[PDB]
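Peer 1: I am sharing data.txt, which consists of compact mmCIF, C-alpha atoms:
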# COMPACT_ATOMS: atom_id res chain seq x y z
CA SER A 5 0.00 0.00 0.00
CA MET A 6 2.35 2.76 1.10
CA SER A 7 4.41 1.24 -1.70
CA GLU A 8 1.68 2.03 -4.26
CA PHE A 9 1.55 5.54 -2.88
CA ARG A 10 5.18 5.98 -3.82
CA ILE A 11 4.63 4.64 -7.33
CA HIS A 12 1.68 7.02 -7.89
CA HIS A 13 3.78 9.95 -6.68
CA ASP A 14 6.52 8.91 -9.09
CA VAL A 15 4.15 8.61 -12.06
CA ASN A 16 2.60 11.92 -11.07
CA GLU A 17 5.79 14.02 -10.89
CA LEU A 18 6.87 12.67 -14.25
CA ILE A 19 3.57 13.80 -15.82
CA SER A 20 4.40 17.13 -14.20
CA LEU A 21 8.05 17.08 -15.22
CA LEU A 22 7.46 15.91 -18.81
CA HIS A 23 4.38 18.03 -19.65
CA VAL A 24 1.97 15.17 -20.40
CA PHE A 25 -1.77 14.33 -20.63
CA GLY A 29 -5.40 8.20 -19.00
CA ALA A 30 -2.28 7.44 -16.95
CA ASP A 31 -3.80 4.64 -14.84
CA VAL A 32 -2.16 2.35 -17.40
CA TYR A 33 1.28 3.45 -16.22
CA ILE A 34 0.29 2.26 -12.75
CA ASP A 35 -0.65 -1.17 -14.08
CA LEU A 36 2.41 -1.26 -16.34
CA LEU A 37 4.84 -0.34 -13.57
CA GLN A 38 3.12 -2.65 -11.01
CA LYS A 39 4.28 -5.84 -12.79
CA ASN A 40 7.75 -5.92 -11.29
CA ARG A 41 8.29 -9.41 -10.04
CA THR A 42 11.91 -9.64 -8.67
CA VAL A 45 16.97 -11.24 -12.97
CA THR A 46 19.41 -9.84 -15.56
CA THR A 47 21.62 -12.04 -17.71
CA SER A 48 25.33 -11.74 -18.30
CA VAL A 49 24.97 -11.29 -22.07
CA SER A 50 22.09 -8.86 -21.81
CA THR A 51 24.24 -6.36 -19.98
CA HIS A 52 27.03 -7.10 -22.42
CA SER A 53 24.70 -6.74 -25.42
CA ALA A 54 23.27 -3.53 -23.99
CA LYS A 55 26.73 -2.26 -23.07
CA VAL A 56 28.27 -2.71 -26.54
CA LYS A 57 25.26 -0.93 -28.06
CA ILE A 58 25.78 2.12 -25.77
CA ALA A 59 29.48 2.27 -26.50
CA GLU A 60 28.68 2.31 -30.25
CA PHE A 61 26.24 5.17 -29.79
CA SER A 62 28.11 7.49 -27.46
CA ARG A 63 30.96 9.73 -28.37
CA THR A 64 33.60 9.28 -25.65
CA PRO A 65 32.82 5.54 -25.25
CA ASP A 66 35.81 4.93 -23.01
CA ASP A 67 34.43 7.34 -20.41
CA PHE A 68 31.26 5.25 -20.27
CA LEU A 69 33.14 1.94 -20.16
CA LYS A 70 35.75 3.30 -17.76
CA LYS A 71 33.14 4.45 -15.30
CA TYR A 72 31.10 1.36 -15.95
CA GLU A 73 34.17 -0.43 -14.56
CA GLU A 74 34.64 2.04 -11.64
CA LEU A 75 31.08 1.51 -10.62
CA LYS A 76 30.63 -2.27 -10.99
CA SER A 77 33.52 -3.02 -8.68
CA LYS A 78 31.58 -1.05 -6.09
CA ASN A 79 28.51 -3.16 -6.85
CA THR A 80 26.50 0.08 -7.09
CA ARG A 81 22.78 -0.57 -6.94
CA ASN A 82 20.69 -1.23 -10.06
CA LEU A 83 23.73 -0.61 -12.28
CA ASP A 84 22.91 -3.25 -14.84
CA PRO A 85 19.12 -2.61 -15.12
CA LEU A 86 19.92 1.10 -15.53
CA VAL A 87 22.42 0.25 -18.34
CA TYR A 88 19.82 -1.98 -19.96
CA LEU A 89 17.45 1.00 -19.86
CA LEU A 90 19.91 3.37 -21.54
CA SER A 91 20.44 0.88 -24.38
CA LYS A 92 16.65 0.66 -24.78
CA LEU A 93 16.46 4.49 -24.92
CA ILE A 94 19.08 4.78 -27.67
CA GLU A 95 16.97 2.56 -29.94
CA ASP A 96 13.83 4.73 -29.73
CA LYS A 97 15.22 7.92 -31.20
CA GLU A 98 11.98 9.88 -30.70
CA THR A 99 11.71 9.57 -26.90
CA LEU A 100 15.48 9.98 -26.65
CA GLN A 101 15.08 13.42 -28.23
CA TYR A 102 12.14 14.40 -26.03
CA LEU A 103 14.18 13.72 -22.90
CA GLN A 104 16.98 15.58 -24.67
CA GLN A 105 14.70 18.62 -25.17
CA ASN A 106 12.76 18.57 -21.88
CA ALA A 107 16.21 18.99 -20.32
CA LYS A 108 16.92 22.09 -22.43
CA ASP A 109 13.58 23.56 -21.29
CA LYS A 110 14.65 23.30 -17.64
CA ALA A 111 17.88 25.35 -17.97
CA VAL B 48 19.48 18.00 -6.55
CA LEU B 49 20.52 14.33 -6.42
CA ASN B 50 22.86 12.55 -4.01
CA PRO B 51 26.37 11.00 -4.41
CA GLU B 52 24.93 7.57 -5.32
CA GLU B 53 22.62 8.97 -8.01
CA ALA B 54 25.30 11.47 -9.06
CA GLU B 55 27.48 8.55 -10.19
CA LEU B 56 24.72 6.91 -12.23
CA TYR B 57 23.84 10.27 -13.79
CA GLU B 58 27.48 10.75 -14.81
CA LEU B 59 27.33 7.23 -16.25
CA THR B 60 24.23 7.93 -18.37
CA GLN B 61 25.87 11.26 -19.21
CA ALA B 62 29.13 9.81 -20.58
CA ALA B 63 26.91 7.14 -22.16
CA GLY B 64 25.74 9.97 -24.41
CA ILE B 65 22.18 10.65 -23.16
CA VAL B 66 21.00 13.80 -21.36
CA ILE B 67 17.86 13.88 -19.24
CA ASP B 68 17.33 16.47 -16.55
CA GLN B 69 18.41 15.43 -13.07
CA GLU B 70 14.84 15.58 -11.77
CA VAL B 71 13.46 12.82 -13.98
CA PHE B 72 16.68 10.84 -13.73
CA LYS B 73 16.13 10.74 -9.96
CA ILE B 74 12.65 9.23 -10.42
CA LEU B 75 13.80 6.63 -12.93
CA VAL B 76 16.53 5.46 -10.54
CA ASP B 77 13.81 5.38 -7.91
CA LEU B 78 11.49 3.30 -10.08
CA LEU B 79 14.37 0.90 -10.54
CA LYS B 80 14.95 0.91 -6.76
CA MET B 81 11.37 -0.26 -6.23
CA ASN B 82 12.27 -3.14 -8.59
CA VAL B 83 10.36 -2.10 -11.66
CA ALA B 84 11.57 -3.82 -14.79
CA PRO B 85 13.75 -1.47 -16.89
CA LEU B 86 11.65 -2.42 -19.87
CA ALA B 87 8.51 -1.22 -18.02
CA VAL B 88 10.26 2.04 -17.17
CA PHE B 89 11.29 2.39 -20.79
CA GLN B 90 7.83 1.50 -22.13
CA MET B 91 6.07 4.12 -20.00
CA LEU B 92 8.80 6.66 -20.80
CA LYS B 93 8.18 5.97 -24.48
CA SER B 94 4.42 6.38 -24.07
CA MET B 95 4.74 9.64 -22.08
CA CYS B 96 6.61 11.11 -25.07
CA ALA B 97 4.88 12.27 -28.33
What does this structure look like when you write it as structure tokens?
Peer 2:
Amino acid sequence: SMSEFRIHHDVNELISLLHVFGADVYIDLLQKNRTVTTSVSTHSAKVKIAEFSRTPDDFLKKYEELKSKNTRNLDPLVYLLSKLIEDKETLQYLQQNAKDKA
Amino acid sequence: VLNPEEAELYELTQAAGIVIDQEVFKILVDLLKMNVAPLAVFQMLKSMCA
């Protein structure tokens, strides 16, 4: 319950922060969240990022800095960034929404 | 805005080539922290945009 509250707050401030708007689907979508990454998946994702970015060493070098520390959700966050490179439209929105807030 | 732990991950995504403003980055990280699948985060992010 007080879990779901936090999810709703998160959905809500994004709607606010991204200038949106039925977002009850996002609640259902985010509420199927059952636990498992693979060793290739993070490799597959990781090579795809390094292709995309300029300065790929910086990404890889601080991937390395930050895996030795076991920092939390490192690999699911890197999987997300690979997924974001693919969809060039929503990559650009996030790109722009950040220009708006400076 | 966001703390040493999140500051690292932001720098990571940053040198990874993407830029998203610290405020939404913080929430994403948080959605991950509450064990939401990255794909689910991505899917809703995709829907929330154009």
Peer 1: Can you tell me how far CA of residue 84 (chain A) sits from CA of residue 15 (chain A), in Å to one decimal?
Peer 2: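 Here the two named atoms are 22.4 Å from each other.
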Peer 1: Name the closest residue to chain B among the candidates A:12, A:92, A:97, A:20; distances are taken between atoms, counting all atoms listed in the file.
Peer 2: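 Nearest to chain B: A:92.
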Peer 1: Taking all atoms listed in the file into account and nothing else, which residues of chain B lie no more than 8 Å away from chain A? Please answer as a ChimeraX atom specification.
Peer 2: /B:52,55-56,59-60,62-68,70-71,74,76,78-80,82-89,91-93,95-97
Peer 1: Report as lines of an AutoDock Vina configuration file the centre and the edge lengths, in Å to one decimal, of the axis-aligned box holding every listed atom of region 91-108 of chain A, padded by 4 Å on each side.
Peer 2:
center_x = 16.1
center_y = 11.4
center_z = -25.8
size_x = 16.7
size_y = 29.4
size_z = 18.9
Peer 1: Would you compute the distance between CA of residue 90 (chain B) and CA of residue 73 (chain B)? Give it in Å to one decimal.
Peer 2: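 Taking CA of residue 90 (chain B) as the start and CA of residue 73 (chain B) as the end point, the length is 17.4 Å.
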Peer 1: Quick check, in Å to one decimal: how far apart do CA of residue 57 (chain A) and CA of residue 61 (chain B) lie?
Peer 2: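 These atoms are spaced 15.1 Å apart.
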